[PDB]
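Colleague: There's a structure below that I have some questions on.
Counting neighbours? That spans all protein chains shown, and the Cβs are built from the backbone with ideal geometry, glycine included. What is reported rests on the model, the rules as stated and the sources as named; no laboratory read-out is quoted.
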Amino acid sequence: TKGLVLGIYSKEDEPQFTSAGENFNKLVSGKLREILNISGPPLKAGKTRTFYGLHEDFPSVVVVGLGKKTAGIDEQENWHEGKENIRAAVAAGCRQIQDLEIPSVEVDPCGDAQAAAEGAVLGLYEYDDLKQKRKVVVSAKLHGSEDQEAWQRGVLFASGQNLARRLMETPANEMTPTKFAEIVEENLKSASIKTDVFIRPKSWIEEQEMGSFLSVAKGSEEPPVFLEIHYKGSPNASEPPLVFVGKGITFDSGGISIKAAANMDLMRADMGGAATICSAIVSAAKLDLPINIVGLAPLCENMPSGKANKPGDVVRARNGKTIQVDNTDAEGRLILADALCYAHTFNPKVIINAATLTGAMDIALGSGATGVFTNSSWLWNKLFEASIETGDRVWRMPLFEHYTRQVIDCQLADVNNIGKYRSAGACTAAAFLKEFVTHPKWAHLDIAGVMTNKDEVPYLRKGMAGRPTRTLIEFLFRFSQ
Amino acid sequence: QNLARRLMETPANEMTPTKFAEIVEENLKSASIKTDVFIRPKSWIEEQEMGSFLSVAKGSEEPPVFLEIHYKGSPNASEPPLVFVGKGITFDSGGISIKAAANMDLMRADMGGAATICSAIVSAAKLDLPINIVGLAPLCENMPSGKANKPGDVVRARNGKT
Amino acid sequence: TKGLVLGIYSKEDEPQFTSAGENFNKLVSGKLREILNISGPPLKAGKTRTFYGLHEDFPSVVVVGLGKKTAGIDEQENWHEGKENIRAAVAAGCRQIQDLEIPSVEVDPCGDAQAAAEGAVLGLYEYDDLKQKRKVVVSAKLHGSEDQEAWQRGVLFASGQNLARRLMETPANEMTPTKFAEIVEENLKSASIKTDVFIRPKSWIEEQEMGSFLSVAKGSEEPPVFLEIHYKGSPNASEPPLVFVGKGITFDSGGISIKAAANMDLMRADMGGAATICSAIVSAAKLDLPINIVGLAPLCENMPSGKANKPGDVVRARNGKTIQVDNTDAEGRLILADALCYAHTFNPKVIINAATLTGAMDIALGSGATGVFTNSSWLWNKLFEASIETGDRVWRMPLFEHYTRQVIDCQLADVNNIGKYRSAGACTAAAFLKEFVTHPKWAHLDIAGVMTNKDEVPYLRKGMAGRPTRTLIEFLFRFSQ
Ligand SMILES: [Mg+2]
Ligand SMILES: [Mg+2]
Ligand SMILES: [Zn+2]
Ligand SMILES: [Zn+2]
């Protein structure tokens, strides 16, 4: 009827199966084991072999390599590793069932119900919607029934990421500053009714004296929308929140300080800041976590025009500081100077802001880890441990006065959007944001390296990657528990 | 000189084609009352058949203002003047033939032509010098847009030349 | 006769002096205190005021701001801070005595004998030698006599850095692969007689099957010299060593994969890898530390010629692995594939290699910290704590399979010198070096961001910075104790 993804590990006496696999073997009377011998070598991690007709009801039994049984927290790679194995191995498996055009598939728990699910789902995602030529929409349910609460945690966690991936991925002619808000609000409210949304317009942002976010929007004729998310998880409402901020340039052309045509079509994902953290709240509300969280994301676009932000321009952020706007492409810095200032109104506990800010971050670490600066070692620890679990790494980066210094000397004004020199890119830019933050637990997460995937993460197909959404989710789970 | 330095230096979002004129006029009149100013608008420049200055302005949505300074220093009014002209692009982004992001924030001082000579008259009127001088400076901005000046374009200057 | 650098801090009731300062005040009968009032505001950190004729024997008494008395380990800035204050404050002071053309100066201990010395000396250094127009050569002795062992630790530590600064700084027509070795050997032997040097020539390197270092040298007509340093600190000779490796391209023009004329004259400091670690041993031997250390540094040059290394070239490193040489400017990677392989011969405990490898590192952190990758958290800790003390920061960077993967797929060969993509620069390059390392305590230190100083570090004048030499020294002190 449908396919099945089985798992196996490496040697002992004969490479052991995952118990779903062992079970299914006994069932076809050893002949899965038997054909595995006959087929070729053994399956190291992530490798895949497909055995037809072993079962009546399962034409295609794909067996995938799970690596070491006891594979675990790796001191170097900074993650759990079995999980990492399982994720690529059922991803590998599920993409084989999807190429066999099998619309539904059943999947080995593989000892970590959650991981096989985040594999099956992250693994299968595309963003098919605008091609009439699409792959089969395969349905992936668990195999078994003993462990359902964590496989659904898989499908949950993986989906909230897939959310961001479709929110980033979609062309910025479709996924606008409004349509992004429309979907989010819709996603947050279908997540829980303990939620309020505020797709605040130009008038309110004007009213908020958000000079800097506004200076940015004015290039396009597409409207600014400052978005406000709320989830009231806490039993006592009055618990002060955790506030997520996120940059939402739906399209970045650089503005007057205009980009090269070389791969500028990826700037449709310069709203990844906004998308990631939004998907995290949509997800923390599906988990319905005992915490009040607040999504804040200035959605607008960077374009050149007769009224676009010019080089040399001093503008006023909400907080009273002026900014020389020396480079119109350093604009997340300005959109974020204001929603950061607004974050403090909420009396937060943690202000995690996130953004696709600098290509320099990409030059830095580049899709390994999502670089995170933070005046909180406590906070750093927290994001990092969560990243160990989820596998979407995070690497601390420096928030040193050294860097502030460069941004702070300024011809016209109080702060400059680009620092004195070429060097230290993400640090300069994070140094600019701290000028707009007085809280003891702030975290900049520059996501410009994890904006995309090709092959680097196995279980993600090519296209917007939606990172580090699950590490953000997992952090708020653990902070709630 | 310091006048020109603040007139050049200030961001072209603040120091516009109008705000430049506002300050100058203010500075020229506080220099002497033997002065007239004319912050002539698009209609007058249109009227003047200043096709070429106009072709330039049309990129921005910020208004052109052709400025006219006067100082009547001469005892006999009818002494013909000394005339200063000065370019006043408050911001130059190159337009469609667009600049590099490398230090384009200095183009806020592409109105230095206009600023220098204007400061000179403001100054010659404080000195109250026995000469009639005339400040003339087309203030406008260069930007790219759906109606910006394109490459290949023949436009008509006042004098008949294309 | 001579000048004097006094220190003061911020308020209490009236801003306190350092006891040298207090003492010198009583001595001119309060009139230093008195004129300080008369002069202007108070002196915040690093600021400087110069009072003539307060003393008979001290025409110029410069007083410098020391910031907070109790200023200490900063959780964010990752350093001791009083030290950092004192360093810029007497540096500030000493450069005032040197502009007053006062050939000798006496200096306030400032509560940290060592720090005021590393300030006075790092602070005063230039590399005057090739101008006939030079500043006065001011002599900086301590003020006092109570704490002499640590001020000399200052002058020691600062000098070993100044060594590297002159070794980097000097034109690569003068400071060749041989003249670098000549000075080092000379500096190591005048440091202790418990030392051997080996300025091994092409024949020996040929003999060593150091195909990769050799492929690099062959562009120039200037000779390769693989250098071998030794210091036998250990009481029992047979204690296996700590081995420092260091890249020594005296000049990098990129080779056939040739650089831009824009500031290529700084590549005269692409031997900073070799210089830093060499200065560290010269220094650990002056300290005469109970450890055997081994300096290893392939000195040669990158030039274009009729016999220069070409793009596409597979060459053989000592260890048997081949390298596609796709970019002739990624050449530290090759010079280092071989001296890394040779490091294991010595049965080391720690293999710290150091190099000015990637401009990407500069894009990364950029003169804040010297990025360090290491398969040893233990080792990381060690370099980092040392950096807390010295102030020459170090930032861990990732050594993830992710990155290896990119370098490892290779058309022709076993390893490629540049990885698959533009992104993640220093990590790709460090991933290449680990392919040439099997030891449990290896550390790559990419020094490309700290190659230079302008103003970023206060107490260093503009020019080659010589970083992170004291953190390396301080690490081997602490590892010896
Ligand atoms: Mg941008
Ligand atoms: Mg090079
Ligand atoms: Zn952007
Ligand atoms: Zn090099």
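Colleague: Starting from segment A:242-267, take each residue that is in the same structural domain as A:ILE229 (by CATH) and surrounded by fewer than 24 Cβ atoms within 10 Å (Cβ to Cβ) and list its partners that are part of a strand (DSSP E or B) and of a type in the set (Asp, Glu), counting only C-beta distances under 9 angstrom and pairs at least six apart or across chains.
Modeller: From segment A:242-267, the pairs are A:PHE251/A:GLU301; A:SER253/A:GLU301; A:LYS259/A:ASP252; A:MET264/A:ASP252; A:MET267/A:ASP252.
Rundown of residues vs (1) over 24 Å from the mean Cα position of the chain (by Cα); (2) among the β-branched types (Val, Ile, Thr); (3) more than 16 Å from ligand 3 (Cβ to nearest atom), yes/no style:
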| site | (1), (2), (3) |
| --- | --- |
| A:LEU340 | no, no, no |
| A:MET361 | no, no, no |
| A:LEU379 | no, no, yes |
| A:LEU383 | no, no, yes |
| A:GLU389 | no, no, yes |
| A:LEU412 | yes, no, yes |
| A:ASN417 | yes, no, no |
| A:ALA426 | no, no, no |
| A:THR438 | yes, yes, yes |
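Colleague: Would you please list the contacts, defined by Cβ atoms under 6 Å and residues six or more apart or on different chains, that run from a residue in segment C:186-213 that is assigned by CATH to the domain that holds C:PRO290 to a residue that is basic (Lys, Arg)?
Modeller: Close Cβ pairs satisfying both conditions: C:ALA191/C:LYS286; C:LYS194/C:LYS232; C:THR195/C:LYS189; C:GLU209/C:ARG318; C:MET210/C:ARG318; C:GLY211/C:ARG316.
Colleague: Turning to a different aspect of this structure: Looking at the structure I just gave you, is B:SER93 closer than 18 Å to B:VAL155 by Cα and either within 14 Å of chain A (Cβ to nearest Cβ) or aliphatic (A, V, I, L, M) (or both)?
Modeller: So B:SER93 fails the test.
Colleague: Further question on the same structure: Does segment C:367-418 hold any residues that are within 13 Å of chain A (Cβ to nearest Cβ), small (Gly, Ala, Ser) and assigned to a helix (DSSP H, G or I), and which are they?
Modeller: C:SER377, C:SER387 - these are the residues of segment C:367-418 that are within 13 Å of chain A (Cβ to nearest Cβ), small (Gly, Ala, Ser) and assigned to a helix (DSSP H, G or I).
Colleague: Let me ask something else about it. Please find, among A:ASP74, A:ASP108, the residue that is out of contact with any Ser or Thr (no Cβ under 9 Å at 6 or more places or on another chain) and either of a type outside the set (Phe, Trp, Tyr) or buried (at least 19 other Cβ atoms within 10 Å of the Cβ) (or both).
Modeller: A:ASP74
Colleague: Looking at A:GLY466, A:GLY419, can you tell me which residue is in contact with a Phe, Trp or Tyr (Cβ under 9 Å, 6 or more places away or on another chain), buried (at least 21 other Cβ atoms within 10 Å of the Cβ), under 29 Å from A:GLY82 (Cα atoms) and small (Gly, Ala, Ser)?
Modeller: A:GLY466
Colleague: In segment A:422-436, which residues are buried (at least 24 other Cβ atoms within 10 Å of the Cβ) and within 14 Å of chain C (Cβ to nearest Cβ)?
Modeller: A:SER423, A:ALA424, A:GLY425, A:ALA426, A:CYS427, A:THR428, A:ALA429, A:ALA430, A:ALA431
Colleague: Among the numbered criteria (1) part of a strand (DSSP E or B); (2) more than 11 Å from chain A (Cβ to nearest Cβ); (3) touching a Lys or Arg at 6+ places or on another chain (Cβ under 8 Å), which single criterion is violated by B:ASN149?
Modeller: Just one mismatch for B:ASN149, condition (1).
Colleague: Please go through segment A:135-184 and pick out each residue that is of a type in the set (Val, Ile, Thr) and closer than 22 Å to A:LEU6 by Cα.
Modeller: Within segment A:135-184, A:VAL136, A:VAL137, A:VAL138, A:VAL155 qualify.
Colleague: Let me confirm something: among B:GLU22, B:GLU47, which residue is closer than 29 Å to A:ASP313 by Cβ and out of contact with any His (no Cβ under 6 Å at 6 or more places or on another chain)?
Modeller: Result: B:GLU22 is the single residue among B:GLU22, B:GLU47 that is closer than 29 Å to A:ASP313 by Cβ and out of contact with any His (no Cβ under 6 Å at 6 or more places or on another chain).
Colleague: Specify which of the listed residues (A:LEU340, A:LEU242, A:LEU299, A:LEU336) is aliphatic (A, V, I, L, M), more than 14 Å from chain B (Cβ to nearest Cβ) and in contact with a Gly (Cβ under 6 Å, 6 or more places away or on another chain).
Modeller: Being aliphatic (A, V, I, L, M), more than 14 Å from chain B (Cβ to nearest Cβ) and in contact with a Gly (Cβ under 6 Å, 6 or more places away or on another chain) holds for just one of A:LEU340, A:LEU242, A:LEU299, A:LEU336, which is A:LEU299.
Colleague: Looking at A:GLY312, A:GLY320, which one is farther than 20 Å from A:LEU433 by Cβ, in the same structural domain as A:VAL407 (by CATH) and away from ligand 3 (no atom under 16 Å from the Cβ)?
Modeller: A:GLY312
Colleague: Then there is this: May I ask you to list the residues in segment A:399-416 that are among the polar types (S, T, N, Q) and crowded, with 18+ Cβ neighbours inside 10 Å?
Modeller: Answer for segment A:399-416, where residues must be among the polar types (S, T, N, Q) and crowded, with 18+ Cβ neighbours inside 10 Å: A:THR404, A:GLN406, A:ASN416.
Colleague: Could you tell me which residue of segment A:239-263 is nearest to the chain's Cα centre (by Cα), considering only residues that are hydrophobic (A, V, I, L, M, F, W, C) and within 11 Å of ligand 3 (Cβ to nearest atom)?
Modeller: Here the residue is A:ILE249.
Colleague: Among what's in segment A:253-276 and is within 18 Å of B:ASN103 (Cβ to Cβ) and within 11 Å of ligand 1 (Cβ to nearest atom), pick the residue that is nearest to the other protein chains (Cβ to nearest Cβ).
Modeller: Ranking the candidates gives A:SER257 first.
Colleague: In the set A:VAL457, A:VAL450, which member is within 13 Å of chain C (Cβ to nearest Cβ), buried (at least 24 other Cβ atoms within 10 Å of the Cβ), part of a loop (DSSP other than H, G, I, E, B) and of a type in the set (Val, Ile, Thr)?
Modeller: Within the list A:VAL457, A:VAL450, the selection yields A:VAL450.
Colleague: Follow-up question, since we're still on this one. Could you list, in sequence order, the residues of segment A:278-302 that are surrounded by fewer than 24 Cβ atoms within 10 Å (Cβ to Cβ) and either under 22 Å from A:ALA337 (Cβ atoms) or hydroxyl-bearing (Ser, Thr, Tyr) (or both)?
Modeller: Passing the criteria: only A:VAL294.
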